[PDB]
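Trainee: For reference, this is protein32.pdb, and it has PDB, C-alpha atoms.
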MODEL        1
ATOM      1  CA  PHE A 777       0.000   0.000   0.000
ATOM      2  CA  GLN A 778       2.751   2.441   0.984
ATOM      3  CA  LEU A 779       4.824   1.556  -2.080
ATOM      4  CA  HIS A 780       1.892   2.131  -4.446
ATOM      5  CA  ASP A 781       0.386   5.444  -3.313
ATOM      6  CA  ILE A 807     -16.063  -2.840   5.456
ATOM      7  CA  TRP A 808     -17.250  -2.194   1.899
ATOM      8  CA  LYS A 809     -18.719   1.174   2.879
ATOM      9  CA  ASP A 810     -15.523   2.307   4.616
ATOM     10  CA  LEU A 811     -13.538   1.268   1.551
ATOM     11  CA  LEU A 812     -15.927   3.284  -0.619
ATOM     12  CA  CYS A 813     -15.418   6.323   1.618
ATOM     13  CA  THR A 814     -11.634   5.954   1.483
ATOM     14  CA  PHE A 815     -11.824   5.703  -2.307
ATOM     15  CA  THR A 816     -13.955   8.849  -2.405
ATOM     16  CA  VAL A 817     -11.361  10.636  -0.271
ATOM     17  CA  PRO A 818      -8.447   9.804  -2.582
ATOM     18  CA  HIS A 821      -2.983   8.439   2.936
ATOM     19  CA  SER A 822      -4.471   9.525   6.265
ATOM     20  CA  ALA A 823      -7.956   8.155   5.548
ATOM     21  CA  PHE A 824      -6.576   4.714   4.686
ATOM     22  CA  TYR A 825      -4.522   4.343   7.867
ATOM     23  CA  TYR A 826      -7.449   5.644   9.908
ATOM     24  CA  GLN A 827      -9.721   3.024   8.334
ATOM     25  CA  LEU A 828      -7.214   0.198   8.858
ATOM     26  CA  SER A 829      -6.731   1.296  12.462
ATOM     27  CA  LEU A 830     -10.491   1.305  13.050
ATOM     28  CA  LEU A 831     -10.847  -2.090  11.361
ATOM     29  CA  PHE A 832      -8.191  -3.874  13.417
ATOM     30  CA  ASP A 833      -9.554  -2.192  16.554
ATOM     31  CA  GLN A 838      -3.978  -4.573  16.416
ATOM     32  CA  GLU A 839      -0.247  -4.091  15.804
ATOM     33  CA  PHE A 840      -0.766  -3.341  12.107
ATOM     34  CA  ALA A 841      -3.471  -0.821  12.993
ATOM     35  CA  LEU A 842      -1.283   1.053  15.469
ATOM     36  CA  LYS A 843       1.729   1.005  13.142
ATOM     37  CA  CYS A 844      -0.234   2.364  10.167
ATOM     38  CA  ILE A 845      -2.009   5.032  12.224
ATOM     39  CA  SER A 846       1.277   6.194  13.755
ATOM     40  CA  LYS A 847       2.986   6.304  10.353
ATOM     41  CA  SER A 848       0.203   8.365   8.772
ATOM     42  CA  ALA A 849       0.024  10.711  11.759
ATOM     43  CA  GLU A 850       3.774  11.251  11.443
ATOM     44  CA  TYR A 851       3.544  11.861   7.692
ATOM     45  CA  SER A 852       0.785  14.450   8.153
ATOM     46  CA  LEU A 853       2.487  16.503  10.870
ATOM     47  CA  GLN A 862      -8.814  20.739  13.774
ATOM     48  CA  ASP A 863     -10.715  17.464  14.178
ATOM     49  CA  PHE A 864      -8.251  15.286  12.252
ATOM     50  CA  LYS A 865      -5.239  16.343  14.325
ATOM     51  CA  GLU A 866      -7.041  15.627  17.602
ATOM     52  CA  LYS A 867      -8.313  12.233  16.432
ATOM     53  CA  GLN A 868      -4.856  11.186  15.229
ATOM     54  CA  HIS A 869      -3.196  12.345  18.455
ATOM     55  CA  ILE A 870      -5.700  10.516  20.676
ATOM     56  CA  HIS A 871      -5.297   7.336  18.632
ATOM     57  CA  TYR A 872      -1.489   7.485  18.808
ATOM     58  CA  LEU A 873      -1.427   8.178  22.553
ATOM     59  CA  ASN A 874      -3.857   5.342  23.278
ATOM     60  CA  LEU A 875      -1.845   2.930  21.126
ATOM     61  CA  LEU A 876       1.449   3.854  22.791
ATOM     62  CA  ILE A 877      -0.053   3.577  26.273
ATOM     63  CA  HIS A 878      -1.408   0.172  25.263
ATOM     64  CA  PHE A 879       1.940  -1.001  23.882
ATOM     65  CA  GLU A 884       7.470   9.625  25.086
ATOM     66  CA  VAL A 885       4.254   9.746  23.057
ATOM     67  CA  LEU A 886       2.521  11.844  25.718
ATOM     68  CA  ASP A 887       5.094  14.652  25.686
ATOM     69  CA  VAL A 888       5.226  14.585  21.882
ATOM     70  CA  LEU A 889       1.451  14.868  21.458
ATOM     71  CA  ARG A 890       1.221  17.559  24.138
ATOM     72  CA  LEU A 891       3.973  19.742  22.668
ATOM     73  CA  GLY A 892       2.386  19.204  19.262
ATOM     74  CA  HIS A 893      -1.130  20.287  20.209
ATOM     75  CA  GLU A 894       0.184  23.208  22.265
ATOM     76  CA  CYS A 895       2.187  24.666  19.376
ATOM     77  CA  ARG A 901      -9.247  21.804  22.446
ATOM     78  CA  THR A 902      -8.080  22.287  26.036
ATOM     79  CA  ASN A 903     -10.754  20.354  27.947
ATOM     80  CA  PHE A 904      -9.973  17.368  25.731
ATOM     81  CA  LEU A 905      -6.349  17.542  26.881
ATOM     82  CA  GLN A 906      -7.634  17.802  30.453
ATOM     83  CA  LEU A 907      -9.554  14.548  29.983
ATOM     84  CA  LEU A 908      -6.529  12.895  28.357
ATOM     85  CA  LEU A 909      -4.289  13.906  31.260
ATOM     86  CA  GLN A 910      -7.060  12.706  33.572
ATOM     87  CA  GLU A 911      -6.754   9.269  31.974
ATOM     88  CA  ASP A 912      -2.957   9.489  32.192
ATOM     89  CA  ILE A 913      -3.047   9.896  35.977
ATOM     90  CA  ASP A 917       2.538   6.462  37.447
ATOM     91  CA  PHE A 918       3.771   6.257  33.849
ATOM     92  CA  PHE A 919       2.371   9.736  33.210
ATOM     93  CA  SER A 920       4.307  11.060  36.205
ATOM     94  CA  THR A 921       7.534   9.493  34.929
ATOM     95  CA  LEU A 922       6.994  11.002  31.474
ATOM     96  CA  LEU A 923       6.368  14.417  33.027
ATOM     97  CA  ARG A 924       9.579  14.061  35.040
ATOM     98  CA  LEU A 925      11.474  13.252  31.844
ATOM     99  CA  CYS A 926      10.027  16.313  30.092
ATOM    100  CA  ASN A 927      10.958  18.573  33.007
ATOM    101  CA  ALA A 928      14.480  17.130  32.991
ATOM    102  CA  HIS A 929      14.689  17.875  29.266
ATOM    103  CA  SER A 930      13.572  21.484  29.750
ATOM    104  CA  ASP A 931      16.308  22.032  32.344
ATOM    105  CA  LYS A 943       2.016  28.542  29.447
ATOM    106  CA  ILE A 944      -1.320  26.789  28.888
ATOM    107  CA  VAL A 945       0.360  23.417  29.420
ATOM    108  CA  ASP A 946       1.809  24.496  32.771
ATOM    109  CA  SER A 947      -1.543  25.864  33.968
ATOM    110  CA  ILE A 948      -3.511  22.771  32.943
ATOM    111  CA  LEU A 949      -0.872  20.591  34.614
ATOM    112  CA  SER A 950      -1.007  22.556  37.868
ATOM    113  CA  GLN A 951      -4.813  22.418  37.828
ATOM    114  CA  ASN A 952      -4.788  18.648  37.315
ATOM    115  CA  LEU A 953      -2.180  18.038  40.025
ATOM    116  CA  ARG A 954      -4.128  20.184  42.483
ATOM    117  CA  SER A 955      -7.262  18.153  41.736
ATOM    118  CA  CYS A 960       2.725  13.139  50.251
ATOM    119  CA  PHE A 961       1.905  12.259  46.637
ATOM    120  CA  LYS A 962      -0.037  15.391  45.652
ATOM    121  CA  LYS A 963       2.479  17.745  47.265
ATOM    122  CA  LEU A 964       5.460  15.940  45.721
ATOM    123  CA  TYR A 965       3.877  16.057  42.264
ATOM    124  CA  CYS A 966       3.037  19.755  42.591
ATOM    125  CA  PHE A 967       6.545  20.613  43.813
ATOM    126  CA  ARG A 968       8.221  18.625  41.038
ATOM    127  CA  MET A 969       5.993  20.349  38.473
ATOM    128  CA  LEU A 970       6.602  23.907  39.711
ATOM    129  CA  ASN A 971      10.362  23.353  39.383
ATOM    130  CA  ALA A 976       5.775  28.455  46.587
ATOM    131  CA  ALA A 977       2.522  26.485  46.330
ATOM    132  CA  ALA A 978       4.220  23.468  47.914
ATOM    133  CA  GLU A 979       5.204  25.383  51.049
ATOM    134  CA  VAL A 980       1.688  26.812  51.406
ATOM    135  CA  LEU A 981       0.067  23.388  51.061
ATOM    136  CA  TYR A 982       2.482  21.849  53.580
ATOM    137  CA  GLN A 983       1.946  24.638  56.112
ATOM    138  CA  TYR A 984      -1.823  24.329  55.685
ATOM    139  CA  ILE A 985      -1.682  20.569  56.256
ATOM    140  CA  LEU A 986       0.491  21.022  59.345
ATOM    141  CA  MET A 987      -1.978  23.554  60.763
ATOM    142  CA  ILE A 994       6.979  12.558  63.116
ATOM    143  CA  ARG A 995       4.794  14.342  60.555
ATOM    144  CA  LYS A 996       5.640  17.757  62.011
ATOM    145  CA  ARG A 997       9.388  17.085  61.931
ATOM    146  CA  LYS A 998       9.262  15.841  58.332
ATOM    147  CA  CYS A 999       7.180  18.803  57.145
ATOM    148  CA  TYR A1000       9.412  21.359  58.877
ATOM    149  CA  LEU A1001      12.549  19.678  57.518
ATOM    150  CA  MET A1002      11.183  19.631  53.965
ATOM    151  CA  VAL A1003      10.247  23.313  54.172
ATOM    152  CA  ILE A1004      13.688  24.226  55.548
ATOM    153  CA  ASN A1005      15.435  22.337  52.749
ATOM    154  CA  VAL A1006      13.202  23.970  50.126
ATOM    155  CA  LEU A1007      13.914  27.493  51.385
ATOM    156  CA  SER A1008      17.670  26.860  51.301
ATOM    157  CA  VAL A1025      12.653  34.353  58.740
ATOM    158  CA  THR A1026      10.772  31.130  58.004
ATOM    159  CA  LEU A1027      13.698  28.875  58.948
ATOM    160  CA  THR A1028      14.093  30.465  62.383
ATOM    161  CA  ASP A1029      10.363  30.108  63.041
ATOM    162  CA  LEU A1030      10.357  26.447  62.004
ATOM    163  CA  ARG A1031      13.413  25.721  64.150
ATOM    164  CA  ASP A1032      11.864  27.457  67.160
ATOM    165  CA  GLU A1033       8.633  25.520  66.637
ATOM    166  CA  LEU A1034      10.454  22.191  66.401
ATOM    167  CA  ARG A1035      12.430  23.077  69.528
ATOM    168  CA  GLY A1036       9.218  23.971  71.353
TER     169      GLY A1036
ATOM    170  CA  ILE B 553      54.923  11.404  63.289
ATOM    171  CA  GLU B 554      56.184   8.129  64.759
ATOM    172  CA  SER B 555      56.272   9.569  68.279
ATOM    173  CA  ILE B 556      52.708  10.856  67.959
ATOM    174  CA  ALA B 557      51.650   7.425  66.713
ATOM    175  CA  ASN B 558      53.331   5.879  69.749
ATOM    176  CA  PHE B 559      51.545   8.283  72.099
ATOM    177  CA  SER B 560      48.077   7.463  70.762
ATOM    178  CA  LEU B 567      45.570  15.266  77.283
ATOM    179  CA  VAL B 568      42.057  15.314  75.819
ATOM    180  CA  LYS B 569      42.852  18.242  73.521
ATOM    181  CA  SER B 570      45.959  16.436  72.280
ATOM    182  CA  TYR B 571      43.932  13.302  71.547
ATOM    183  CA  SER B 572      41.364  15.387  69.673
ATOM    184  CA  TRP B 573      44.141  16.988  67.625
ATOM    185  CA  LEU B 574      45.548  13.542  66.838
ATOM    186  CA  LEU B 575      42.085  12.440  65.719
ATOM    187  CA  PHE B 576      41.777  15.466  63.432
ATOM    188  CA  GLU B 577      45.212  14.780  61.940
ATOM    189  CA  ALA B 578      44.288  11.139  61.327
ATOM    190  CA  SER B 579      41.071  12.261  59.638
ATOM    191  CA  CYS B 580      43.006  14.651  57.393
ATOM    192  CA  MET B 581      45.426  11.865  56.489
ATOM    193  CA  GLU B 582      42.563   9.502  55.651
ATOM    194  CA  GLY B 583      40.956  12.190  53.511
ATOM    195  CA  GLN B 584      44.238  12.662  51.667
ATOM    196  CA  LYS B 585      44.492   8.931  50.935
ATOM    197  CA  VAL B 590      50.570   1.462  57.213
ATOM    198  CA  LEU B 591      51.153  -1.278  59.796
ATOM    199  CA  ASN B 592      49.773   0.834  62.645
ATOM    200  CA  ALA B 593      46.591   1.428  60.651
ATOM    201  CA  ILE B 594      46.199  -2.325  60.160
ATOM    202  CA  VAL B 595      46.781  -2.968  63.861
ATOM    203  CA  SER B 596      44.083  -0.402  64.638
ATOM    204  CA  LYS B 597      41.524  -2.071  62.361
ATOM    205  CA  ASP B 603      31.430  -2.808  67.920
ATOM    206  CA  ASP B 604      33.255  -0.235  65.794
ATOM    207  CA  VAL B 605      29.979   0.650  64.083
ATOM    208  CA  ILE B 606      28.168   1.140  67.395
ATOM    209  CA  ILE B 607      30.896   3.406  68.770
ATOM    210  CA  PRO B 608      30.619   5.576  65.618
ATOM    211  CA  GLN B 609      26.865   6.018  66.083
ATOM    212  CA  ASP B 610      27.420   7.138  69.676
ATOM    213  CA  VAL B 616      38.924   6.562  73.453
ATOM    214  CA  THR B 617      36.266   8.636  71.689
ATOM    215  CA  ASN B 618      38.864  10.050  69.298
ATOM    216  CA  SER B 619      40.025   6.501  68.597
ATOM    217  CA  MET B 620      36.467   5.373  67.855
ATOM    218  CA  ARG B 621      35.988   8.338  65.519
ATOM    219  CA  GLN B 622      39.210   7.522  63.672
ATOM    220  CA  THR B 623      38.127   3.882  63.394
ATOM    221  CA  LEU B 624      34.800   5.011  61.954
ATOM    222  CA  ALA B 625      36.604   7.200  59.415
ATOM    223  CA  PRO B 626      38.815   4.270  58.290
ATOM    224  CA  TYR B 627      35.793   1.999  57.816
ATOM    225  CA  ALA B 628      34.154   4.725  55.732
ATOM    226  CA  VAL B 629      37.243   5.083  53.541
ATOM    227  CA  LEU B 630      37.330   1.297  53.172
ATOM    228  CA  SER B 631      33.683   1.229  52.097
ATOM    229  CA  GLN B 632      34.402   4.047  49.648
ATOM    230  CA  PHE B 633      37.260   2.073  48.100
ATOM    231  CA  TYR B 634      34.963  -0.943  47.771
ATOM    232  CA  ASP B 638      25.993   2.229  45.626
ATOM    233  CA  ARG B 639      24.350   1.228  48.905
ATOM    234  CA  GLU B 640      27.710   0.939  50.644
ATOM    235  CA  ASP B 641      28.541   4.457  49.471
ATOM    236  CA  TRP B 642      25.218   5.686  50.853
ATOM    237  CA  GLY B 643      25.864   4.033  54.217
ATOM    238  CA  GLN B 644      29.317   5.633  54.296
ATOM    239  CA  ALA B 645      27.865   9.059  53.493
ATOM    240  CA  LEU B 646      25.269   8.624  56.241
ATOM    241  CA  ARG B 647      28.044   7.774  58.694
ATOM    242  CA  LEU B 648      29.933  10.885  57.577
ATOM    243  CA  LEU B 649      26.875  13.081  58.123
ATOM    244  CA  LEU B 650      26.361  11.535  61.559
ATOM    245  CA  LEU B 651      29.982  12.280  62.462
ATOM    246  CA  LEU B 652      29.713  15.952  61.379
ATOM    247  CA  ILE B 653      26.633  16.385  63.571
ATOM    248  CA  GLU B 654      28.538  14.996  66.556
ATOM    249  CA  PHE B 655      31.419  17.452  65.954
ATOM    250  CA  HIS B 661      34.305  23.571  60.255
ATOM    251  CA  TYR B 662      37.016  21.880  58.188
ATOM    252  CA  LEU B 663      35.239  18.540  58.583
ATOM    253  CA  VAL B 664      31.995  20.004  57.239
ATOM    254  CA  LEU B 665      33.852  21.449  54.248
ATOM    255  CA  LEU B 666      35.473  18.090  53.504
ATOM    256  CA  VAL B 667      32.060  16.428  53.737
ATOM    257  CA  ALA B 668      30.589  18.951  51.293
ATOM    258  CA  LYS B 669      33.503  18.321  48.933
ATOM    259  CA  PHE B 670      32.826  14.585  49.112
ATOM    260  CA  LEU B 671      29.126  15.157  48.413
ATOM    261  CA  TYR B 672      29.811  17.323  45.361
ATOM    262  CA  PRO B 673      32.042  14.550  43.915
ATOM    263  CA  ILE B 674      29.291  11.938  44.271
ATOM    264  CA  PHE B 675      26.777  14.144  42.458
ATOM    265  CA  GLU B 685      16.610   8.915  49.678
ATOM    266  CA  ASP B 686      14.531  10.613  52.379
ATOM    267  CA  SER B 687      17.104  10.035  55.124
ATOM    268  CA  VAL B 688      19.765  11.505  52.837
ATOM    269  CA  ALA B 689      17.649  14.624  52.332
ATOM    270  CA  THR B 690      17.148  14.926  56.090
ATOM    271  CA  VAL B 691      20.900  14.677  56.679
ATOM    272  CA  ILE B 692      21.607  17.292  54.005
ATOM    273  CA  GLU B 693      19.042  19.575  55.640
ATOM    274  CA  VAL B 694      20.655  19.132  59.060
ATOM    275  CA  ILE B 695      24.037  19.945  57.523
ATOM    276  CA  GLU B 696      22.636  23.084  55.891
ATOM    277  CA  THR B 697      21.249  24.077  59.287
ATOM    278  CA  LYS B 698      24.624  23.520  60.952
ATOM    279  CA  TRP B 699      26.390  25.606  58.299
ATOM    280  CA  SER B 707      37.797  29.980  59.432
ATOM    281  CA  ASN B 708      40.973  30.798  57.500
ATOM    282  CA  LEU B 709      42.107  27.169  57.592
ATOM    283  CA  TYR B 710      38.704  26.098  56.274
ATOM    284  CA  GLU B 711      38.911  28.570  53.393
ATOM    285  CA  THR B 712      42.443  27.396  52.618
ATOM    286  CA  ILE B 713      41.200  23.804  52.601
ATOM    287  CA  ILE B 714      38.385  24.822  50.255
ATOM    288  CA  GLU B 715      40.859  26.562  47.948
ATOM    289  CA  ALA B 716      43.053  23.460  47.971
ATOM    290  CA  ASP B 717      40.013  21.337  47.137
ATOM    291  CA  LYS B 718      39.013  23.574  44.227
ATOM    292  CA  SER B 719      42.510  23.335  42.748
ATOM    293  CA  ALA B 725      32.116  30.852  47.019
ATOM    294  CA  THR B 726      32.213  27.623  49.026
ATOM    295  CA  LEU B 727      28.847  28.229  50.695
ATOM    296  CA  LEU B 728      27.273  29.038  47.329
ATOM    297  CA  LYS B 729      28.576  25.799  45.819
ATOM    298  CA  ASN B 730      27.182  24.004  48.862
ATOM    299  CA  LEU B 731      23.742  25.555  48.346
ATOM    300  CA  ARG B 732      23.836  24.625  44.657
ATOM    301  CA  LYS B 733      24.720  21.027  45.520
ATOM    302  CA  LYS B 734      21.865  20.937  48.038
ATOM    303  CA  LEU B 735      19.463  22.201  45.373
ATOM    304  CA  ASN B 736      20.681  19.498  42.991
ATOM    305  CA  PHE B 737      20.184  16.784  45.613
ATOM    306  CA  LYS B 738      16.678  18.075  46.341
ATOM    307  CA  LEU B 739      15.874  17.941  42.630
ATOM    308  CA  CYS B 740      17.204  14.376  42.489
ATOM    309  CA  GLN B 741      15.022  13.353  45.432
ATOM    310  CA  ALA B 742      12.005  14.977  43.780
ATOM    311  CA  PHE B 743      12.660  13.078  40.545
ATOM    312  CA  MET B 744      12.841   9.765  42.411
TER     313      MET B 744
ENDMDL
END
What do you get writing this file as structure tokens?

Mentor:
Amino acid sequence: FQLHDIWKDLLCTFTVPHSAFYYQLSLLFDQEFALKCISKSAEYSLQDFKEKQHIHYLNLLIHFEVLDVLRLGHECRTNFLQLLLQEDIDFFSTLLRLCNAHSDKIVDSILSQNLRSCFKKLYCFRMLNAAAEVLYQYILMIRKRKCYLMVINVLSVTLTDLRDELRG
Amino acid sequence: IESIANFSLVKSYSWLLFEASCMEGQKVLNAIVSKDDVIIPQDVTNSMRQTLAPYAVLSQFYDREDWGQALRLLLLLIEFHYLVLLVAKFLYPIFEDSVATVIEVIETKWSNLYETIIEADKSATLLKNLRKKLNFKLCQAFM
């Protein structure tokens, strides 16, 4: 097929005439061939089409990197991305960590909003790299020692207060 | 040096301990003869400290072992300026929760001889220390 250039879908694809074909094959086998073809077409192409392709690719990869790619692509339908990230939430966290390591607007805001929706605090703090300190202080208002220590490390007025509180 | 080795009042013993620590940081029969020791380190005192230092160097020569050694080093610094600087230097060269706690305690704990030692190590210090701490915090966050 690539080298060159159910009945109803075939008719539609014929009427259209590469993207449509891979989309149809993907839908038909929905598996390895499907995913491969869909991914290839999506790569060759790069409002509705883009979103559909991205969702398909992300789902296929999560079933079998792709997250960050799709995100950066779409950034350059917000609620849709919110739902996608909602589905993403351990692997998603790792991917996010990788992206942040690589870096060292809308995306950041959506991410913060989703994270805000131990674990939560850690995620928020990792993402922001002030909100962390506020959350910790609110929660505090063994656990005490850990919280105070974490705050002190993060800051490095507040330190003296924390030390005095731990000593009292 | 041989006479001092033969001798091994409290201040003198402390000085001897510091010298031994410096020598270990720089790095025979007496050392082998010198080699319970772990429990004393967690807690004659100069001797126990020196023995703890030697075990740490031995572990260093030999990832988890390195972490245990670093923890021991942090524990020693808390018990005790030059030592802290040497510890920081060791930490920078190496570059999870307990480690972060120790680093925090060290930052909380944090003259000419110390600066000279820092200059010798480099061949500003506090800033490098803060940077290293930030890096370690980032590493802990990533984990």

Trainee: If you measure from atom CA of residue 848 of chain A to atom CA of residue 902 of chain A, what distance in Å do you get, rounded to one decimal?

Mentor: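 Straight-line distance from atom CA of residue 848 of chain A to atom CA of residue 902 of chain A works out to 23.7 Å.
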
Trainee: When the cut-off is 10 Å and we count only C-alpha atoms, which residues of chain A are near chain B, given as a list in words?

Mentor: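 Residues of chain A within 10 Å of chain B, counting only C-alpha atoms: residues 920, 921, 923, 924, 925, 927, 928, 964, 965, 967, 968, 969, 971, 997, 998, 1001, 1002, 1003, 1004, 1005, 1006, 1007, 1008, 1027 and 1031 of chain A.
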
Trainee: Between B:606, B:688, B:594, B:581, which is the closest to residue 641 of chain B once you count all atoms listed in the file?

Mentor: B:688

Trainee: Find the distance between atom CA of residue 639 of chain B and atom CA of residue 698 of chain B and write it in Å to one decimal.

Mentor: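 The value is 25.3 Å.
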
Trainee: Report as a PDB file with C-alpha atoms, in the coordinates of the input the residues that result from applying the PyMOL selection byres ((chain A and resi 777-808) around 10) to the structure here.

Mentor:
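What landed in expr.pdb:
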ATOM      1  CA  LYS A 809     -18.719   1.174   2.879  1.00  0.00           C
ATOM      2  CA  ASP A 810     -15.523   2.307   4.616  1.00  0.00           C
ATOM      3  CA  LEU A 811     -13.538   1.268   1.551  1.00  0.00           C
ATOM      4  CA  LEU A 812     -15.927   3.284  -0.619  1.00  0.00           C
ATOM      5  CA  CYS A 813     -15.418   6.323   1.618  1.00  0.00           C
ATOM      6  CA  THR A 814     -11.634   5.954   1.483  1.00  0.00           C
ATOM      7  CA  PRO A 818      -8.447   9.804  -2.582  1.00  0.00           C
ATOM      8  CA  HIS A 821      -2.983   8.439   2.936  1.00  0.00           C
ATOM      9  CA  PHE A 824      -6.576   4.714   4.686  1.00  0.00           C
ATOM     10  CA  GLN A 827      -9.721   3.024   8.334  1.00  0.00           C
ATOM     11  CA  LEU A 828      -7.214   0.198   8.858  1.00  0.00           C
ATOM     12  CA  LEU A 831     -10.847  -2.090  11.361  1.00  0.00           C
ATOM     13  CA  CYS A 844      -0.234   2.364  10.167  1.00  0.00           C
TER      14      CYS A 844
END

Trainee: Let me make sure I understand: among B:644, B:730, B:560, B:712, which one has the smallest atom-to-atom distance to residue 593 of chain B if we use all atoms listed in the file?

Mentor: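 Comparing B:644, B:730, B:560, B:712 against residue 593 of chain B, the winner is B:560.
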
Trainee: To one decimal place, how far is atom CA of residue 841 of chain A from atom CA of residue 864 of chain A in Å?

Mentor: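 Going from atom CA of residue 841 of chain A over to atom CA of residue 864 of chain A covers 16.8 Å.
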
Trainee: Counting all atoms listed in the file, which residues sit no farther than 12 Å from the position (48.0, 4.3, 73.5) in the file's frame? I'd like them as JSON, numbers by chain.

Mentor: {"B": [555, 556, 557, 558, 559, 560, 567, 571, 574, 592, 596, 616, 618, 619]}

Trainee: Which of these residues is nearest to residue 669 of chain B, using all atoms listed in the file: B:633, B:726, B:646, B:707?

Mentor: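 Among B:633, B:726, B:646, B:707, it is B:726 that comes nearest to residue 669 of chain B.
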
Trainee: Can you list, as a PyMOL selection string, the residues that the PyMOL selection byres ((chain A and resi 904-917) around 9) selects here?

Mentor: chain A and resi 866+870+877+886+890+893+901-903+918-922+948-949+952

Trainee: From the set B:623, B:736, B:609, B:719, which residue has the shortest atom-to-atom contact distance to residue 671 of chain B, counting only C-alpha atoms?

Mentor: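 With only C-alpha atoms as the atom set, the closest residue is B:736.
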
Trainee: Might you spell out which residues the PyMOL selection byres ((chain B and resi 647) around 12) would select in the displayed file, as a VMD selection string?

Mentor: chain B and resid 604 to 610 621 623 to 629 631 to 632 640 to 646 648 to 654 667 687 to 688 691

Trainee: Which is closer to residue 895 of chain A than all the others in A:1035, A:847, A:962, A:943, using only C-alpha atoms?

Mentor: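 The answer is A:943, which sits nearest to residue 895 of chain A.
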